[PDB]
Amino acid sequence: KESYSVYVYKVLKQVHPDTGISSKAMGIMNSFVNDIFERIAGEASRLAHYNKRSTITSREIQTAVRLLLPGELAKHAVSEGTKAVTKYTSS
Amino acid sequence: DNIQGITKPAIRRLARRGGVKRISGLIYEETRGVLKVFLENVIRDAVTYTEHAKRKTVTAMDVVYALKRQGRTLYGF
Amino acid sequence: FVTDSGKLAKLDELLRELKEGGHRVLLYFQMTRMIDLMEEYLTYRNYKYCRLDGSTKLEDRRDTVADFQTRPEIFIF
Amino acid sequence: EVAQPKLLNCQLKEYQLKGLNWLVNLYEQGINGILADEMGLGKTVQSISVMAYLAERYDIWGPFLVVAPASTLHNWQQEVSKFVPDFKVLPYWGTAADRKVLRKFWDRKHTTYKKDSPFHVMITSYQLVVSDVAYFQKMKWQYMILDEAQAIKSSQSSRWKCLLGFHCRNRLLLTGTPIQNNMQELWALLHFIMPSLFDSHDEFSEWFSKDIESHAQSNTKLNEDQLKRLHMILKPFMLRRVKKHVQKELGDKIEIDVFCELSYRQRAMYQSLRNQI
Amino acid sequence: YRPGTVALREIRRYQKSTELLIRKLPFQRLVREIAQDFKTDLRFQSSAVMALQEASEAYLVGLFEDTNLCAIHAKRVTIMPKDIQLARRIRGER
Amino acid sequence: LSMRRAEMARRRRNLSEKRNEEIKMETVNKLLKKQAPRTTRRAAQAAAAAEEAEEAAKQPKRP
DNA sequence: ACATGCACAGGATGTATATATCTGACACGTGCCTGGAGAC
DNA sequence: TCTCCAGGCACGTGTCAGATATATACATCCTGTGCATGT
């Protein structure tokens, strides 16, 4: 029974080290993660099918993020994603 | 006749949370009607998923799916 | 330290005589803060001791009391 | 002159057998009692003895409640196990979950238990007795021992309040210090034992306390006749026995006051304290 | 307190708490009363009824906000059936 | 078949009482054993350190 | 003669020292197995 | 695609921060209420 709990916890103890989070709040945050995942993945799939592609590349994920997230949110998200993919490629 | 179990005090509290200062006495029966229509829409979908799954028990996920289907995503389950 | 308290100054004399006699002492206090101060003093005059107070956890209690009773090197508790 | 309850897989010392008797009579005649043998004479065994006697003769096998300090529970559980092997003890300490399960052992329908019951003696702390008083109050108890009864020396203690409200036929307090501090704290125990006969602290004060408390505190004259009358009032309810009669073998203590003058710093502090008035 | 002030105190009380505002057993009985029109002898997870309640209370609270603005627009401080119907009207729930 | 299933339901229901009683009695006893049966230690670390020091002494060394 | 203001009665509240209990959330250890990772 | 093992998940456990009453003493704050004085 898989959940993004673990990771929510690692991020929390990175951003507010002495603060915990409740079980209910963990549930809500996990739901948040699943929802955003779904939305981005789905928009990406649509973009792919619309351009007659059959693959969801980094560039699909980027454009999905730019369609979905607003303003500064979108910009910062694009930035983080690009940084991550760059580091991955380097390694 | 279980609808009137949604009490005048219960409706009053919800109107208070919604920032309402004074409540005309006809609101209580409208609110019951509105709530019943909303519940019917969600429960019909929840039961539809339940039947499809060949279950006899409505689960929390069936309700969460029904709410998402209706643009009222419910976080926490 | 040992002279800024009249009691402590008189306890010093008495503990020297008790030690030279081969007596073993339970030494009782009404304040655990004082238990701390003393803990020092005993280190200075280099006497062996145990401690049991309301901070001392239950199985640790059992352990300490058993020591004092098993191993005659300990002079004060 | 009863016999060691035969259900008792040990032999009592003389005084525990005289003490057994006392508690057997204090039952037959409806009275309660404080057993106030000086600290270390074996109070536990006499209590367990009464309960076993009850069983053997009156076939009343339960339920018995022992309340005790938390620290003492294992000792009690082992002593019960040793001296009455046939007695099924139910430990009643543990997390909420542990206790919830154990509550399922409480037979509330049988007024009086017989041998094959779920449990005979329940053993529990003062703290639990008070937190779980909701539950304890439903039960109806056939006898009750409070050990280290000085725990309920205050009539204003939640602890005395709770335990006084338990439906029990018979209470036995164990404490080698009926009084320590005021005499008030002896009224507390007497009222707990027999709330009928010691129904009013104020009366108690007026008639006995203020004399005896002034004879100590301001060296007034002790009214011999009043004091004798108090002893009288206490006599059928309290048994006290002292080591010099029954554990003779120990040699005595030597006590020494060792006097100390304040050092300089001490004094200059003491006096600022005094000047702050 | 001068009249109308206790109402603003009650509003504050209800806006700072997170508790559910409908009683649990009345709501549960309404859910089952509706459900048996769609299929008889339905069972419900305990958590499913709570999910419905949270969604239902959130819906009604949001509706009352929109209702309030309809009243205030008409220069009233009292909400009325008309205000609910306009809110439902413009939301497209009609 | 329906009568057979009714008989089978009596059988399962009869068995449920035995199955419940067995687990209830076992878990009741396990908890008495959990509390009364008990008493041990934790300075396990102290014991380990003592053993390590003894092992070090068991080695003659002139460095 | 009536009303208001000011001090007794004795109680509840309060200050300070560790004791005696406790509870639930966090951290840590254990076991294990499947799916993240290898690389052709 | 065949292969591997370790990261993570389920499960116990244990402990300790803040909380529940309190013996040991006493001064202090509180305010119901009674009495006296003034209008």
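Numbers here mean position along the shown chain, with the first residue as 1.
We read in the header that electron microscopy, 4.7 Å was used to get this structure.
The backbone N, Cα and C atoms fix where each Cβ goes, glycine too.
Residues annotated as S-palmitoyl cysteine in Swiss-Prot, with experimental evidence given as evidence: E:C70. The annotation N6-glutaryllysine is assigned in Swiss-Prot to E:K16, E:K39, E:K75, E:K82 on the grounds of experimental evidence. The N6-succinyllysine annotation in Swiss-Prot covers E:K16 (among others), and the record cites experimental evidence as its basis. If you look up Swiss-Prot, you'll see E:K16 marked as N6-crotonyllysine, on the strength of experimental evidence. Sequence annotations record features per position, and here Swiss-Prot assigns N6,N6,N6-trimethyllysine to E:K16 (among others) based on experimental evidence. The annotation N6-acetyllysine is assigned in Swiss-Prot to E:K16 (among others) on the grounds of experimental evidence. Among the features that Swiss-Prot reports, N6-lactoyllysine is placed at E:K39 (among others), with the record citing experimental evidence. Here Swiss-Prot flags E:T40 (among others) as phosphothreonine, drawing on experimental evidence. Marked as phosphoserine by Swiss-Prot: E:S46 (among others). Per Swiss-Prot, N6-(2-hydroxyisobutyryl)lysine is recorded for E:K82 (among others).
All features noted in Swiss-Prot, drawn onto the structure.
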| residue | record | DSSP class |
| --- | --- | --- |
| E:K16 | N6-glutaryllysine | helix |
| E:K39 | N6-glutaryllysine | coil |
| E:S46 | phosphoserine | helix |
| E:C70 | S-palmitoyl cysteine | helix |
| E:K75 | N6-glutaryllysine | coil |
| E:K82 | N6-glutaryllysine | helix |
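Those recorded positions from the list E:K16, E:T40, E:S46, E:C70, E:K75, E:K82 that have a Cβ under 8 Å from chain B Cβ atoms: none. Looking only at the recorded positions E:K16, E:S46, E:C70, E:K75, E:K82, the one with its C-alpha closest to E:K39 (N6-glutaryllysine) is E:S46. Across the fold, the C-alpha of E:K75 (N6-glutaryllysine) and the C-alpha of E:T40 (phosphothreonine) stand 48 Å from each other. Cα of E:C70 (S-palmitoyl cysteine) to Cα of E:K16 (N6-glutaryllysine): a span of 24 Å. Nearest to E:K16 (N6-glutaryllysine) in space, judged by Cα atoms and limited to the modified residues E:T40, E:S46, E:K82, is E:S46. Non-local contacts of E:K82 (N6-glutaryllysine) by the CB criterion (under 8 A, 6+ apart in sequence, same chain) comprise E:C70. Between E:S46 (phosphoserine) and E:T40 (phosphothreonine), the C-alpha separation comes to 18 Å.
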